[PDB]
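Here the structure is laid out as structure tokens; the discussion comes afterwards.
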Amino acid sequence: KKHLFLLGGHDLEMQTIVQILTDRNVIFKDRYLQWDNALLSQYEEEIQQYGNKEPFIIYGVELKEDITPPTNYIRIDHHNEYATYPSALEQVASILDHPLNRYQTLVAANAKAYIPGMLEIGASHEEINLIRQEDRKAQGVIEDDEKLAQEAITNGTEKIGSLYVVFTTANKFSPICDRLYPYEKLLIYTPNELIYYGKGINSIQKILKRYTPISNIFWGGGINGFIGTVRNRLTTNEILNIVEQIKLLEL
Ligand SMILES: Nc1ncnc2c1ncn2[C@@H]1O[C@H](COP(=O)(O)O[C@H]2[C@@H](O)[C@H](n3cnc4c(N)ncnc43)O[C@@H]2CSCC[C@H](N)C(=O)O)[C@@H](O)[C@H]1O
């Protein structure tokens, strides 16, 4: 059985997956997707040529199935109902019988549990710093993202009990997280998007499902994981209402 991999949005894990797939001569297609456009329909041409053809198994790595996948398609993900699963890098390596080296174990740990996941595998201060910078660089974080981050922590950040609430006009939130870490609970929101990081995401999912269908909600990891809403699917008032509901969990 021959392997076809379709890669979704880019980050340090997806970059590492490209490296391993490259070194091992695996058929894979990388349309340089990002976290917000990781659609299976981006690979409609490849689904047409390899879909339902016996010799090939198709591995979609963190792709929303906005089109019906063929019968020879296996979803490779660690989000939503797969949120307790090992990271995509770990699952891809297992399929290829690739032993993850020390660097790649940190890539998987950061992908699944951020900085706590790396401290759990004995990461050093300099190991954590290189992973975080490479992770943000692979996301496309640039200098304008890091400035809006500094302003968001300086001028739009309050703490309610154990919860940081940051209003921002920024596009990428990883710059804010690394400046505020360590934290137990962090809520970043924009006029049409919010992402929660930290303890008790199941209680947050309860709140979100009162305001928007589950198809606008993504999450990953356990408690001390993240849960968020797709950009521009909720109104400003809906976000602001949710922000108050999340704040109410601290009172
Ligand atoms: N507790 C934590 N605190 C801070 N960062 C963490 C934490 N846990 C994990 N992380 C980091 O978060 C990253 C998780 O990576 P992923 O598993 O690929 O998960 C990614 C996406 O794959 C996933 N996602 C699913 N659908 C969508 C969508 N429509 N739009 C945007 N994002 C979507 O949600 C995650 C991004 S969530 C925040 C997105 C934000 N708009 C931004 O630009 O930074 C990874 O780099 C980890 O290091």
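Starting from 1 in every chain, residues are counted up; chains themselves are A, B, ... following the order of the structure tokens, and ligands are numbered from 1 as listed.
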Handout entry: Contacts of residue 32 (chain A) at 10 Å (only C-alpha atoms; same-chain gap of 5+ positions) as a PyMOL selection string
Key = chain A and resi 7-10+14-15+37-38
Which residues of chain A come within 6 Å of ligand 1, and for each one, what is the closest pair of atoms and their distance in Å to one decimal, counting only C-alpha atoms and all ligand atoms, sorted by chain and residue number, as a tab-separated table?
```
residue	atom	partner	partner_atom_place_in_ligand_line	distance
A:35	CA	ligand 1	32 (N)	4.6
A:36	CA	ligand 1	30 (N)	3.8
A:110	CA	ligand 1	48 (O)	4.4
A:111	CA	ligand 1	47 (C)	4.2
A:112	CA	ligand 1	9 (C)	5.7
A:113	CA	ligand 1	8 (N)	4.6
A:114	CA	ligand 1	48 (O)	4.1
A:135	CA	ligand 1	46 (O)	5.9
A:171	CA	ligand 1	43 (O)	5.4
A:172	CA	ligand 1	43 (O)	3.3
A:173	CA	ligand 1	44 (O)	3.9
A:174	CA	ligand 1	44 (O)	5.1
A:177	CA	ligand 1	4 (C)	5.4
A:195	CA	ligand 1	38 (C)	5.8
A:197	CA	ligand 1	1 (N)	4.5
A:198	CA	ligand 1	1 (N)	4.9
A:218	CA	ligand 1	25 (C)	5.1
A:224	CA	ligand 1	1 (N)	5.2
A:225	CA	ligand 1	1 (N)	4.6
A:226	CA	ligand 1	1 (N)	5.6
A:230	CA	ligand 1	29 (N)	4.7
```
Got time to write the residues from that selection, N, CA and C atoms, as a compact mmCIF listing (two decimals), in the first residue's frame?
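Listed below is the output, again-v8.txt:
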```
# COMPACT_ATOMS: atom_id res chain seq x y z
N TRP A 35 -3.15 28.09 8.92
CA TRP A 35 -4.07 27.56 9.91
C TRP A 35 -5.53 27.84 9.55
N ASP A 36 -5.79 28.88 8.77
CA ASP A 36 -7.17 29.28 8.50
C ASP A 36 -7.66 28.90 7.11
N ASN A 110 5.55 20.72 21.93
CA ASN A 110 5.03 22.08 21.76
C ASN A 110 3.72 22.07 21.00
N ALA A 111 3.61 21.23 19.96
CA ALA A 111 2.40 21.19 19.16
C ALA A 111 1.21 20.72 19.97
N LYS A 112 1.43 19.78 20.89
CA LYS A 112 0.34 19.19 21.65
C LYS A 112 0.09 19.91 22.97
N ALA A 113 1.15 20.45 23.60
CA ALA A 113 0.99 21.05 24.92
C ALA A 113 1.89 22.27 25.14
N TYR A 114 2.30 22.94 24.07
CA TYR A 114 2.98 24.23 24.20
C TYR A 114 4.23 24.06 25.06
N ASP A 135 8.52 27.95 15.78
CA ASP A 135 7.08 27.76 15.66
C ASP A 135 6.41 29.02 15.13
N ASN A 171 -3.49 39.65 14.36
CA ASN A 171 -3.94 38.50 13.60
C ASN A 171 -3.44 37.19 14.19
N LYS A 172 -2.20 37.16 14.66
CA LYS A 172 -1.59 35.94 15.18
C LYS A 172 -1.36 36.10 16.67
N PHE A 173 -1.79 35.11 17.45
CA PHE A 173 -1.84 35.21 18.90
C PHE A 173 -0.63 34.61 19.61
N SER A 174 0.13 33.75 18.94
CA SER A 174 1.33 33.19 19.56
C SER A 174 2.32 34.24 20.06
N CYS A 177 1.02 35.03 23.58
CA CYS A 177 1.13 33.94 24.53
C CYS A 177 2.53 33.86 25.13
N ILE A 195 -9.66 33.22 21.22
CA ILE A 195 -9.01 31.94 21.49
C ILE A 195 -8.72 31.86 22.98
N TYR A 197 -6.77 29.79 26.05
CA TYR A 197 -5.67 28.90 26.36
C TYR A 197 -5.65 28.66 27.86
N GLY A 198 -5.56 27.40 28.28
CA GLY A 198 -5.32 27.11 29.67
C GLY A 198 -6.33 26.14 30.24
N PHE A 218 -13.01 25.09 17.20
CA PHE A 218 -11.91 24.15 17.15
C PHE A 218 -11.22 24.11 18.50
N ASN A 224 -5.70 22.60 29.99
CA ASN A 224 -4.48 23.32 29.63
C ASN A 224 -4.20 23.18 28.13
N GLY A 225 -5.27 23.00 27.37
CA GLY A 225 -5.21 23.12 25.93
C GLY A 225 -5.88 24.40 25.44
N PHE A 226 -6.27 24.46 24.17
CA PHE A 226 -6.87 25.66 23.62
C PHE A 226 -8.22 25.33 23.01
N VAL A 230 -13.74 30.26 14.83
CA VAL A 230 -13.26 30.64 13.51
C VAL A 230 -13.49 32.13 13.29
```
Exercise for the section: Within 12 Å of residue 143 (chain A), counting only C-alpha atoms, which residues show up once you throw out same-chain ones fewer than 4 positions away? Write them as JSON, numbers by chain, please. Expected result: {"A": [136, 137, 147, 148, 149, 150, 170, 172, 175]}
I need the residues from that last selection saved to file as a compact mmCIF listing (two decimals), in the first residue's frame (with N, CA, C and O atoms), if you can.
```txt
# COMPACT_ATOMS: atom_id res chain seq x y z
N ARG A 136 6.72 30.17 15.73
CA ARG A 136 6.10 31.42 15.29
C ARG A 136 6.54 31.81 13.89
O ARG A 136 5.75 32.35 13.11
N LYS A 137 7.81 31.55 13.55
CA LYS A 137 8.29 31.86 12.20
C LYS A 137 7.56 31.02 11.16
O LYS A 137 7.16 31.54 10.11
N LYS A 147 4.83 43.65 17.39
CA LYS A 147 4.58 44.97 17.96
C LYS A 147 3.17 45.08 18.50
O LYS A 147 2.95 45.55 19.62
N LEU A 148 2.18 44.63 17.71
CA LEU A 148 0.81 44.56 18.20
C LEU A 148 0.69 43.65 19.41
O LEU A 148 -0.18 43.86 20.26
N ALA A 149 1.56 42.64 19.51
CA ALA A 149 1.62 41.83 20.72
C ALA A 149 2.04 42.66 21.92
O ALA A 149 1.39 42.62 22.97
N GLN A 150 3.13 43.43 21.78
CA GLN A 150 3.62 44.22 22.90
C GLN A 150 2.57 45.23 23.36
O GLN A 150 2.40 45.45 24.56
N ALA A 170 -4.64 42.17 16.70
CA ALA A 170 -3.62 41.39 16.02
C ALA A 170 -4.23 40.18 15.32
O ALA A 170 -5.34 39.73 15.64
N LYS A 172 -2.20 37.16 14.66
CA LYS A 172 -1.59 35.94 15.18
C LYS A 172 -1.36 36.10 16.67
O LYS A 172 -0.78 37.10 17.11
N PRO A 175 2.50 35.40 19.41
CA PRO A 175 3.33 36.45 20.02
C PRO A 175 2.86 36.88 21.39
O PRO A 175 3.69 37.17 22.26
```
Exercise for the section: Run DSSP on the backbone and give me the residues of region 31-100 of chain A it puts in strand (DSSP E or B), as a PyMOL selection string. Expected result: chain A and resi 39+56-61+64+73-76+79
Fill in the blank from the handout: In Å and to one decimal, CA of residue 169 (chain A) is distant from CA of residue 232 (chain A) by 13.1 Å
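For region 78-90 of chain A, the set of protein, DNA and RNA residues having any atom at most 6 Å away, when counting only C-alpha atoms and skipping those fewer than 4 positions along the same chain, is residues 17, 108, 112, 218, 219, 220 and 221 of chain A.
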Output file for the residues above (N, CA, C and O atoms, as a PDB file, in the first residue's frame):
```pdb
ATOM      1  N   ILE A  17       7.077  17.816   9.675  1.00  0.00           N
ATOM      2  CA  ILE A  17       6.470  16.732   8.909  1.00  0.00           C
ATOM      3  C   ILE A  17       6.951  16.766   7.463  1.00  0.00           C
ATOM      4  O   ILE A  17       7.212  15.720   6.857  1.00  0.00           O
ATOM      5  N   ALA A 108       6.778  17.908  18.669  1.00  0.00           N
ATOM      6  CA  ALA A 108       5.507  17.276  18.999  1.00  0.00           C
ATOM      7  C   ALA A 108       4.978  17.766  20.341  1.00  0.00           C
ATOM      8  O   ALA A 108       3.769  17.964  20.502  1.00  0.00           O
ATOM      9  N   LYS A 112       1.429  19.779  20.891  1.00  0.00           N
ATOM     10  CA  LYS A 112       0.336  19.194  21.650  1.00  0.00           C
ATOM     11  C   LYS A 112       0.091  19.913  22.967  1.00  0.00           C
ATOM     12  O   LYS A 112      -1.062  19.998  23.414  1.00  0.00           O
ATOM     13  N   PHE A 218     -13.007  25.094  17.204  1.00  0.00           N
ATOM     14  CA  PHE A 218     -11.906  24.147  17.150  1.00  0.00           C
ATOM     15  C   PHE A 218     -11.216  24.114  18.505  1.00  0.00           C
ATOM     16  O   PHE A 218     -11.185  25.115  19.227  1.00  0.00           O
ATOM     17  N   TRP A 219     -10.664  22.952  18.847  1.00  0.00           N
ATOM     18  CA  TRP A 219      -9.913  22.834  20.088  1.00  0.00           C
ATOM     19  C   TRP A 219      -8.925  21.682  19.979  1.00  0.00           C
ATOM     20  O   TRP A 219      -9.059  20.800  19.129  1.00  0.00           O
ATOM     21  N   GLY A 220      -7.917  21.718  20.853  1.00  0.00           N
ATOM     22  CA  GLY A 220      -6.880  20.700  20.877  1.00  0.00           C
ATOM     23  C   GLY A 220      -6.267  20.590  22.259  1.00  0.00           C
ATOM     24  O   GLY A 220      -6.321  21.531  23.058  1.00  0.00           O
ATOM     25  N   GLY A 221      -5.686  19.420  22.537  1.00  0.00           N
ATOM     26  CA  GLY A 221      -5.076  19.147  23.821  1.00  0.00           C
ATOM     27  C   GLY A 221      -6.107  18.889  24.910  1.00  0.00           C
ATOM     28  O   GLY A 221      -7.316  18.966  24.704  1.00  0.00           O
TER      29      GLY A 221
END
```
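Minimum atom-to-atom distances from A:182, A:200, A:191, A:116 to residue 237 (chain A) were compared using only C-alpha atoms, and the lowest value belongs to A:191.
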Practice task
For CA of residue 56 (chain A) and CA of residue 6 (chain A), determine how far apart the two atoms are, in Å to one decimal place.
Solution key: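 Going from CA of residue 56 (chain A) over to CA of residue 6 (chain A) covers 12.4 Å.
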Exercise for the section: Write out as an NGL selection string each polymer residue whose atoms come within 8 Å of residue 186 (chain A), counting only C-alpha atoms; drop sequence neighbours fewer than 2 positions from it. Expected result: :A and (163-166 or 177 or 183-184 or 188 or 196-198)
Those selected residues, please, written with N, CA and C atoms and delivered as a short mmCIF file (atom, residue, chain, number, x, y, z; two decimals), in the first residue's frame.
```cif
data_model
loop_
_atom_site.label_atom_id
_atom_site.label_comp_id
_atom_site.auth_asym_id
_atom_site.auth_seq_id
_atom_site.Cartn_x
_atom_site.Cartn_y
_atom_site.Cartn_z
N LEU A 163 -7.21 34.41 35.31
CA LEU A 163 -7.48 34.49 33.88
C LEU A 163 -6.96 35.81 33.33
N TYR A 164 -6.07 35.73 32.34
CA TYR A 164 -5.66 36.89 31.57
C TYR A 164 -6.64 37.10 30.43
N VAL A 165 -7.16 38.32 30.32
CA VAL A 165 -8.03 38.70 29.21
C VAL A 165 -7.33 39.79 28.41
N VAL A 166 -7.05 39.50 27.15
CA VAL A 166 -6.33 40.40 26.26
C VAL A 166 -7.22 40.70 25.07
N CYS A 177 1.02 35.03 23.58
CA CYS A 177 1.13 33.94 24.53
C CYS A 177 2.53 33.86 25.13
N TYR A 183 1.18 31.36 32.47
CA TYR A 183 -0.17 31.74 32.87
C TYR A 183 -0.97 30.47 33.09
N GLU A 184 -2.01 30.57 33.89
CA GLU A 184 -2.91 29.44 34.06
C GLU A 184 -4.07 29.50 33.08
N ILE A 188 -7.60 35.56 24.67
CA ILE A 188 -7.32 36.58 23.67
C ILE A 188 -8.52 36.67 22.74
N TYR A 196 -9.11 30.75 23.59
CA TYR A 196 -8.84 30.49 25.00
C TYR A 196 -7.69 29.50 25.12
N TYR A 197 -6.77 29.79 26.05
CA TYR A 197 -5.67 28.90 26.36
C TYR A 197 -5.65 28.66 27.86
N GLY A 198 -5.56 27.40 28.28
CA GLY A 198 -5.32 27.11 29.67
C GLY A 198 -6.33 26.14 30.24
#
```
Exercise for the section: Tell me which of A:107, A:168, A:118, A:59 sits closest to residue 145 (chain A), counting only C-alpha atoms. Expected result: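 Between A:107, A:168, A:118, A:59, the residue approaching residue 145 (chain A) most closely is A:168.
Using only C-alpha atoms, the smallest distance between any of A:62, A:144, A:77, A:238 and residue 194 (chain A) comes from A:238.
Summary of the local environment: counting only C-alpha atoms, residues at most 8 Å from region 203-215 of chain A, other than itself and those fewer than 6 positions away along its chain, are residues 196, 227, 234, 238, 242, 245 and 246 of chain A.
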Writer output for current selection, N, CA and C atoms, as a PDB file, in the first residue's frame:
```
ATOM      1  N   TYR A 196      -9.105  30.748  23.593  1.00  0.00           N
ATOM      2  CA  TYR A 196      -8.841  30.489  24.997  1.00  0.00           C
ATOM      3  C   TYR A 196      -7.689  29.502  25.125  1.00  0.00           C
ATOM      4  N   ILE A 227      -9.092  26.326  22.974  1.00  0.00           N
ATOM      5  CA  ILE A 227     -10.359  26.237  22.254  1.00  0.00           C
ATOM      6  C   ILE A 227     -10.675  27.622  21.713  1.00  0.00           C
ATOM      7  N   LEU A 234     -18.526  34.985  14.135  1.00  0.00           N
ATOM      8  CA  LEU A 234     -19.284  35.518  15.256  1.00  0.00           C
ATOM      9  C   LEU A 234     -19.223  37.039  15.231  1.00  0.00           C
ATOM     10  N   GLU A 238     -21.399  39.027  20.012  1.00  0.00           N
ATOM     11  CA  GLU A 238     -21.350  37.625  20.413  1.00  0.00           C
ATOM     12  C   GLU A 238     -20.034  37.299  21.111  1.00  0.00           C
ATOM     13  N   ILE A 242     -19.467  36.275  25.052  1.00  0.00           N
ATOM     14  CA  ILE A 242     -18.712  35.087  25.439  1.00  0.00           C
ATOM     15  C   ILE A 242     -17.595  35.456  26.403  1.00  0.00           C
ATOM     16  N   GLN A 245     -18.931  35.645  29.756  1.00  0.00           N
ATOM     17  CA  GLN A 245     -19.258  34.321  30.278  1.00  0.00           C
ATOM     18  C   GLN A 245     -18.007  33.592  30.751  1.00  0.00           C
ATOM     19  N   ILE A 246     -16.912  33.711  29.997  1.00  0.00           N
ATOM     20  CA  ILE A 246     -15.646  33.124  30.420  1.00  0.00           C
ATOM     21  C   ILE A 246     -15.140  33.804  31.687  1.00  0.00           C
TER      22      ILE A 246
END
```
Handout entry: Atomic distance CA of residue 97 (chain A) - CA of residue 27 (chain A), expressed in Å with one decimal
Key =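 We find that CA of residue 97 (chain A) and CA of residue 27 (chain A) lie 15.6 Å from each other.
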Handout entry: Which residue of A:47, A:94, A:2, A:12 approaches residue 25 (chain A) most closely, using only C-alpha atoms
Key =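 For residue 25 (chain A), the nearest of the given residues is A:2.
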